[PDB]
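Enquirer: Build me a model:
(2 chains)
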Amino acid sequence: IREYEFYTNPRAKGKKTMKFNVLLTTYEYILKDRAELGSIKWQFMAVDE
DNA sequence: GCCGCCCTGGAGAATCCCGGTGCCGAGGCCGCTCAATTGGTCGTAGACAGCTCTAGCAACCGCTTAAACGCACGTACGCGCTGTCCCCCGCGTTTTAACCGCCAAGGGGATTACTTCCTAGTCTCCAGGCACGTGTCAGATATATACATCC
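Expert: Numbers count the residues shown, from 1 in each chain, chains lettered A, B, ... in the order given. Please find the structure below.
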């Protein structure tokens, strides 16, 4: 998911634009992947429960 | 008639038992004597109470995922048997030194008593080192943007 679908141009080395619009995740992968998700300029967060 | 040989009885000496007396191990008694006891005083160690903050605990949840478990196979190793040879054990003989009993004098060290003085405990006062918290600063890291180039 991270290398095939996050980036429109994952083959580049500079700034990578986002390809998706909404990302669904759970709490376990929020804590497991803090480093791979914190460096994303999010526009909106919706936390259920 | 005279001389030599076999059978049997009572008195002299050795041994067991008992009593009187002297010597070794241990306990009661006495004397010194120093350390435990008793009595009193006082300071403080610790018990108790109180408040605050953090860790643990019982019993439940949910998710992930790597470790545990079960099973099949295979093969390596534990184990048993046999041979062999060699080295340790048993014994007889000879040596030798440990052990015990001896000088010969001298120093080391354990006590007993005494003297002295240096150094460490104790007390008071003070200050700086250690513990904690924070502002700031230079090295490391990531990316923004401009230039040369291949297809």
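
Enquirer: How about the helix or strand where residue A:29 lies and DNA strand B, touching?
Expert: When secondary structure is defined using DSSP states H and E, the element that contains residue A:29 is helix A:27-32. Yes. Judged by Cβ under 7 Å from any atom of the strand, helix A:27-32 comes into contact with DNA strand B through A:28, A:32. All C-beta spots, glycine's among them, are computed from the backbone N, C-alpha and C.

Enquirer: after that helix comes which helix or strand?
Expert: Sequence order places helix A:34-38 as the next helix or strand after helix A:27-32, per DSSP H and E.

Enquirer: How far off centre is that following helix?
Expert: Computed by Cα atoms, centre = their mean, to the nearest Å, the chain-centroid distance of helix A:34-38 equals 8 Å.

Enquirer: How about stretch A:36-49?
Expert: Per Cα atoms, centre = their mean, the centroid offset for stretch A:36-49 relative to its chain is 8 Å.

Enquirer: for stretch A:7-24, same thing?
Expert: When distances are taken as Cα atoms, centre = their mean, stretch A:7-24 is centred 8 Å away from the chain's centroid.

Enquirer: End to end on it, go ahead and measure it.
Expert: By Cα to Cα, to the nearest Å, the extent of stretch A:7-24 from end to end equals 16 Å.
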